[PDB]
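# Structure assessment
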Amino acid sequence: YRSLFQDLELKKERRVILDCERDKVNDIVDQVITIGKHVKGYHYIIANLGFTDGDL
Amino acid sequence: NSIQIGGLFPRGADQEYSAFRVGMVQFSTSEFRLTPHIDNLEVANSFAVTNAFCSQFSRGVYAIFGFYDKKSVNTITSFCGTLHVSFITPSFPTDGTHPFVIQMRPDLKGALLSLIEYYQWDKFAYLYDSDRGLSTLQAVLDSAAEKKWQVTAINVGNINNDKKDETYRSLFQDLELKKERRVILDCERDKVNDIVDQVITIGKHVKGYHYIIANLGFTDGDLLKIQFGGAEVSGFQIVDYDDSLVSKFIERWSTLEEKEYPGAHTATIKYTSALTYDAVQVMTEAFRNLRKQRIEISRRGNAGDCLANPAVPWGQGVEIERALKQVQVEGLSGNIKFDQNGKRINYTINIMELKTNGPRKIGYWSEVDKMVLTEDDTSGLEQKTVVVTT
Amino acid sequence: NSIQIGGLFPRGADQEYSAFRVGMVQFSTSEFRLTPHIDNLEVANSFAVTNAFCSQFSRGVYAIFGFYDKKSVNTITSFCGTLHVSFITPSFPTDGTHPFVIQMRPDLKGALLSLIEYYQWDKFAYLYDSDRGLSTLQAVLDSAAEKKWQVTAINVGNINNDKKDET
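Residues numbered from 1 in each chain as written, not as in the entry; some residues may be left out. Chains lettered and ligands numbered in written order. Part of a larger assembly, values for the part shown. Heavy atoms only, no water.

This deposited entry lists cryo-EM as its structure determination method and 4.6 Å as its resolution.

## A word on the overall build of chain B
Looking only at helices and strands, chain B has 10 helices and 16 strands in total. For chain B, the C-alpha radius of gyration of 23 Å lies close to 21 Å, the compact-globule estimate for 390 residues. Structurally, chain B occupies a C-alpha span of about 90 × 45 × 45 Å along its principal axes. Among the 390 residues that make up chain B, the fraction classed as buried is 53%. Within the structure as shown, chain B displays about 19100 Å² of accessible surface, and the carbon and sulfur contribution to it stands at 48%. In chain B, 44 positive and 50 negative side-chain charges are present, and the distance between their average locations comes to 2 Å. (Helix = DSSP H or I, 4+ residues; strand = E, 2+ residues; numbered from the N terminus. Rg over C-alpha atoms; globule rule 2.2 N^0.38 Å. Buried < 20%, exposed > 50% of the residue type's maximum accessible area, 1.4 Å probe, protein only. Areas by Shrake-Rupley, 256 points an atom, 1.4 Å probe, with all protein chains shown as cover. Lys, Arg positive; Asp, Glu negative; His and termini not counted. Charge placed at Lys NZ, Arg CZ, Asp CG, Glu CD.)

## Some words on the overall build of chain C
Along its length, chain C carries 5 helices and 7 strands. A compact globule built from 167 residues would reach a C-alpha radius of gyration of about 15 Å, whereas chain C, at 19 Å, exceeds it by more than 25%. By residue count, 34% of the 167 residues in chain C fall in the buried class. Sequence-distant contacts, at least 24 apart, represent 62% of the contacts inside chain C between residues at least 6 apart. In the form shown here, chain C has an accessible surface area of approximately 10500 Å², with 51% of it arising from carbon and sulfur atoms. (Contact = heavy atoms within 4.5 Å.)

## Considering the pattern of salt bridges
Any two side chains of opposite charge can pair, given that their charged atoms come close. Residue and element names in this part refer to chain B. Taken as a whole and assessed by the stated rule, the structure comprises 18 salt bridges over all chains. A salt bridge links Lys123 to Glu180, with the shortest nitrogen-to-oxygen separation between them at 3.9 Å. Of this pair, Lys123 sits in the loop between α4 (109-119) and β5 (125-128) while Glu180 sits in the loop between α6 (166-178) and β7 (182-185); the two residues are 57 residues apart in sequence, bridging distant segments of the chain. A relative accessible area of 28% places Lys123 in the partly exposed class. The class for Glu180 is buried, based on a relative accessible area of 6%. Close ionic contact of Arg288 with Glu285 constitutes a salt bridge, the shortest N to O distance being 3.8 Å. Of the two residues, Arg288 and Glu285 are both situated in helix α9 (residues 271-292); the distance of 3 residues between them amounts to about one turn of the helix. (Salt bridge = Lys/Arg side-chain N within 4 Å of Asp/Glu carboxyl O.)

## Details of the UniProt feature "disulfide bond" in chain B
All names here are of chain B. In this model the UniProt disulfide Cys54-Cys306 is closed, its S-S distance of 2.0 Å falling under 2.5 Å. With a gap of 252 residues between them, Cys54 in helix α2 (residues 46-59) and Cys306 in the loop between α9 and α10 (315-324) connect regions that are remote in the sequence. The same class applies to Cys54 as to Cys306, namely buried. (Disulfide = S-S within 2.5 Å. UniProt positions renumbered as here; feature names shortened; annotations may be inferred.)

## Structural notes on the arrangement of the chains
Comparison of the 2 pairs of chains in contact shows the highest number of contacts for chains B and C. No part of chain A reaches chain C; the closest C-alpha pair between them is 25 Å apart.

## Examining the interface of chain B and chain A
Facing the 7 residues of chain B at the interface are 7 residues of chain A. Across the interface of chain B and chain A, roughly 520 Å² is buried in total on both sides, 65% from carbon and sulfur atoms. Between the two partners, chain B and chain A, sit 0 salt bridges. Within the side of chain B that touches chain A, the residues separate by chemical class into 3 nonpolar, 4 polar and no charged. (Buried area = accessible area lost by both parts, 1.4 Å probe. Nonpolar A, V, L, I, M, F, W, Y, C, P; charged D, E, K, R; others polar.)

## Comments concerning a nonpolar patch on the surface
All names here are of chain C. The grouping of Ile3, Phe32, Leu34 and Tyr62 at the surface amounts to a nonpolar patch, some 390 Å² of accessible area in total. Secondary-structure assignment places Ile3 in strand β1 (residues 2-8). Since its relative accessible area comes to 30%, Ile3 is described here as partly exposed. (Patch = residues over 30% accessible without salt bridge, like charges linked within 9 Å, V, L, I, M, F, W, Y side chains within 5 Å.)

## Observations regarding the sheet that holds strand β9 (residues 232-237) of chain B
Residues and elements named next belong to chain B. Strand order across the open sheet formed by 8 strands is β6-β5-β7-β8-β9-β14-β15-β16, with mixed pairing between neighbours. Single-partner strands in this sheet number two, and they are β6 (152-155) and β16 (370-373). Going from strand to strand, the sheet's axes swing by 25° on average, the running direction of each strand aside. Taken together, the 3 bridges between strand β8 (residues 210-213) and β9 define a ladder with parallel strand orientation. Note on β9: the bridge partner recorded for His210 is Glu232. (Pairing = 2+ DSSP bridges. Axes fitted to C-alpha atoms, helices over the stretch in contact; angles between N-to-C directions.)

## Here we look at the interface of chain C and chain B
Each partner contributes to the interface: chain C provides 21 residues, whereas chain B provides 22 residues. Linking chain C with chain B are 0 salt bridges, by the criterion used here. Listed by contribution, the elements that provide at least two residues to the side of chain C that touches chain B are α2 (46-59), α3 (73-83), α5 (135-147) and β7 (150-155) of chain C. A class-by-class count of the residues in the side of chain C that touches chain B yields 8 nonpolar, 11 polar and 2 charged.

## With respect to the sheet that holds strand β3 (residues 64-65) of chain C
All names here are of chain C. Ordered by their spatial adjacency, 3 strands build an open sheet running β3-β4-β5, and the pairing between neighbours is parallel. The open sheet has two edge strands, β3 and β5 (102-103), and neither has a second partner. Two strands pair when backbone bridges link them, and β3 and strand β4 (residues 87-89) are joined in this way by 2 bridges, in the parallel orientation. Its bridge partner being in β4, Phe65 is matched across the sheet by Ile88.

## A word on the packing of α6 of chain B against helix α7 (residues 189-202) of chain B
All names here are of chain B. In contact at an axis separation of 10 Å, α6 and α7 are set at 70° when each is read in the N-to-C sense. The angle between the axes of α6 and α7 places the two elements in the roughly perpendicular class. Here α6 runs over α7; the crossing is right-handed. Residue-level inspection shows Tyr168, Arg169 and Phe172 of α6 in contact with α7, the latter providing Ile195, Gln198, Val199, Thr201 and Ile202. Tallied by class, residues from the contact of α6 with α7 come to 5 nonpolar, 2 polar and 1 charged. (Parallel < 35°, antiparallel > 145°, perpendicular 65-115°, else oblique. Left-handed = near helix turned anticlockwise from the far one by under 90°.)

## Focus on the state of the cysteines
All names here are of chain B. A complete count under the given rule lists 1 disulfide over all chains for this structure. Here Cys54 engages in a disulfide with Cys306; their sulfurs sit 2.0 Å apart. For the disulfide bridge between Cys54 and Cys306, the dihedral angle about the S-S bond is near 85°, and by the sign convention the bridge is right-handed.

## Regarding α3 of chain C
Where burial is concerned, most of α3 of chain C is hidden: 8 out of the 11 residues are buried. Within α3 of chain C, burial applies to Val73, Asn74, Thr75, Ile76, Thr77, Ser78, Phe79 and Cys80 of chain C. The inward-facing, buried residues of α3 of chain C contact α2 and α3 (73-83) of chain B together with α2 and β4 of chain C. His84 of chain C sits one or two residues past α3 of chain C and shows a positive phi near 55°.

## Concerning a negative patch on the surface
All names here are of chain A. On the surface, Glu21, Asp23, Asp27, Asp30 and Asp55 cluster together to form a negatively charged patch. Positionally, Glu21 belongs in the loop between β1 (15-18) and α2 (22-35). The exposure class of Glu21 is exposed, given its relative accessible area of 57%.

Put into structure tokens, the structure is as follows:
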């Protein structure tokens, strides 16, 4: 993941649409927390019906 | 030879009690047996402290040992300053000089000062908890007078566990008005971890922020949770794990069964417990020094009431302190020496920093040599400063 | 109905004890009269404090009176809290809600902050002794954060009286 989001930094992406399973959503959000890219200036879109179901 | 001593401990200080028994095992000798008198009374109640104190005084103990509250420190100083009973302590150093008050915890403030001196901060927020005493705050303010600092001190410690939440978000929002990038936390490890977690949740651990954790437990707390945030983090370590004696300590410390010694079966250890384990060594070293001096100390154990008026000090106990301060041996904290006031001297503390690979030392702060960088430091961005012919 | 009471007057506080005598005069009544147990001991010495305290406790006095040091506040609070014995003081108020504690000093900090607001100050020095406690310091700093101020606090009180001039 850290290798992955670093790659996003080269494009300096501020905008990402995740499309993953309830569990993968959790792990991804967690890693985003650890790398801290949940700060203002980023944005996300969770492509599933479980958006409320997720532990946001 | 039986040698009775006290054994005060706060409830929930299990690691320290375990390490204490470890001290009893490691340094036991046929020449004499130490005779601990364990008491797990709460530190919060000064009256209870008085109770245990008079109780062990009835025990006729030649020494007493344990932690103390900021609320309780004056009591211990009063009695030990009264009955001339020596008292070693892991806890924070006394703000004032006292007789019979040995203290295991190195003064920390000067290293903090030099640390700020290195980063050359002009202005910063300063959180603190009342329980360790505000003396550090008095120090940083005194420095602020000379060094011209616009420090913003705040106590977080009044907050309830029940609503320790919005109070934080409200707090850091207040920091935003000054747009502070630089804050020194000064809290106990639990509230340390909580505040760190809140910093995580609010996300203010990205690059461009910085922190300074004012305690010896800088490695003891989790930092993995914030290691990757990009904000720089640095602290202190009284206990180098790299030390051969220390790694040797780890070799067995891991081995101990969790049942018999809870909290002990781990790769690491809190510095405080380490200070306890060292303290027992110091005590025993002192008693070994006494018998060699052939100094009789067999005072009657029937000391009677500690409230006795007039209170009469027993002289051999007064002599004991004279040995205690003069004692010098290695410990988990490394070399230890005392002043005539019983404060620690000739000590030095490692300056930790967290890095993406993991935590690392960068230098050491002597009390006399102040800050001293290691040569371990590498280099900056060498672009070969692009040579340009003309 | 004579009623035994404690008496813990710090040494050198003569005017206070005299005022106590006047108080005994003004309110004396046939229904009951107080029975002071007057003592003049150092307020700093928590040991002696506990000594006289348990001494009057042996008397089983139904009330106790005297001052307390910042060093000793924890003592008397710990005892009245433990022994459930009433006590009265004119010493500076505790920061916490302690049972069986009476105190004649109104809190002064809010009026102080108010006075600050009246002058609409933004920056100032703040000399302080450590004796009455740092509560006012914590307060003025708290207001300093919110009101956006520039405190310059200094602990004058630790200075030795011998060279007390050069400092």
